[PDB]
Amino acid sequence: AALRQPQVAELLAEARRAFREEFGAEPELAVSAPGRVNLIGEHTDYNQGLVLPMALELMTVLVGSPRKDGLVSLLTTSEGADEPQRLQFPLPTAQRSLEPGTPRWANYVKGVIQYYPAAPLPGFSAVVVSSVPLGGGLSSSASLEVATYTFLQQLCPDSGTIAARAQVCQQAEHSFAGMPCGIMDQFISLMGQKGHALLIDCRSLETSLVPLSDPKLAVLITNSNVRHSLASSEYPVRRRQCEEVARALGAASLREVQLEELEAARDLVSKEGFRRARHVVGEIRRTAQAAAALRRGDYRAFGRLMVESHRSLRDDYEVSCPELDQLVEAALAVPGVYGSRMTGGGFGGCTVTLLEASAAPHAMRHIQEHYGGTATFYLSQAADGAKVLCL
């Protein structure tokens, strides 16, 4: 079928074998950091909103060893990574900073090294592997940033907070990959816990670990296997718009703006800005309600909010695409599906469907038969965040 299994043990084994072959000795440590699915709370993180992601068993693993020579030597075995699959560079100094370039995959590692807060950081040799589909909407880059960060902590413990670590990975995304993301993806990669979703307040940086351990419930992720151009170009546009609405209203962020306020101050903002802000302010409220619904086990309300989230993303935020809309429509027509919506940034990538577990195999036959493109499926347990295994 189209169901990709996690193969976690195999990923680690692959990394270890490649390291020994590449560097001529066994690696001294392993780390991992997962990708993520956002259950609800889309395009809210950079608006100081609420998000409700969970970590996946899809993950990036670094296996490696410190060096004595102050240089960094990398190999990736990820099919999908751009050429070359190897890069070496000296550690940044006060004299010489790292710079983004070729290959792109290495920019994530370089960025985290560049902004790593603690000293002295030694050089190191590492292999990077991942089961997160690269650029497929499940935060492959955050997983790589966080796995890198986790590895650096083993080389040179930081004395820091989870938020500070997320901010470093976020800065690497902004500065080295030119993607001005919010904090969500890094936060969940760090903080995920098996059998939990994570409610993140992106204003206060308070987090709640919300149990998500009912075996009658399942989360089916569907990869559209498309990424439209607009993905890259439009994300900063939406973010730039939101900022303009806050400015016009004298609000520090949209989070401080209530829906009742928005309808009443509309003359002060543009028509399209109003629609973007209506999505955002609206989505923050839905996410709060969705978290509360999850706690009560009220899936119908959660799912209604989720379908509601898709419609808002499609019509008000305009970050869906025909492929996503179709995957949702297909899912939403199946009995026992509570909700389905695009997840992540949009313009391609994955949908997330919350549904009765027993209905999942009905979905996989039907989605494959009734989706225009090539669907890939993950049936995902809520997973752990960043982890270390000493080798």
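C-alpha atoms forming the largest set that superposes within 1.5 Å between two forms make up the rigid core. Numbers for residues come from their place in the sequence shown, where the first is 1.
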May I ask which stretch, 84-92 or 261-269, sits farther from the shown form in 7 other deposited structures of this protein once every structure is superposed on the core, judging by RMS CA distance? 261-269
Consider 143-151 and 299-307 separately and indicate which one has Cα atoms farther, on average, from the shown form in 7 other deposited structures of this protein after rigid core alignment. 299-307
Between the two ranges 268-276 and 252-260, the one averaging a larger CA B factor in the entry: 268-276
Of 363-371 and 376-384, the stretch with the higher mean C-alpha B-factor in the deposited entry is 363-371
Highest Cα B-factor in the PDB entry belongs to which of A106, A163, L155, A218? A218
Reading the B-factor column of the entry, which of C169, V127, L313, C202 has the highest value at its C-alpha atom? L313
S175 - Cα temperature factor, lowest/middle/highest third of chain: middle
Split the chain's modelled residues into thirds by Cα B-factor; is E318 in the lowest, middle or highest one? highest
Rank-wise, by C-alpha B-factor, drop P211 into the lowest, middle or highest third of its chain. middle
CA B-factor ranking of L354, expressed as a third of its chain: highest
Among the modelled residues of this chain, does the Cα B factor of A291 put it in the lowest, middle or highest third? middle
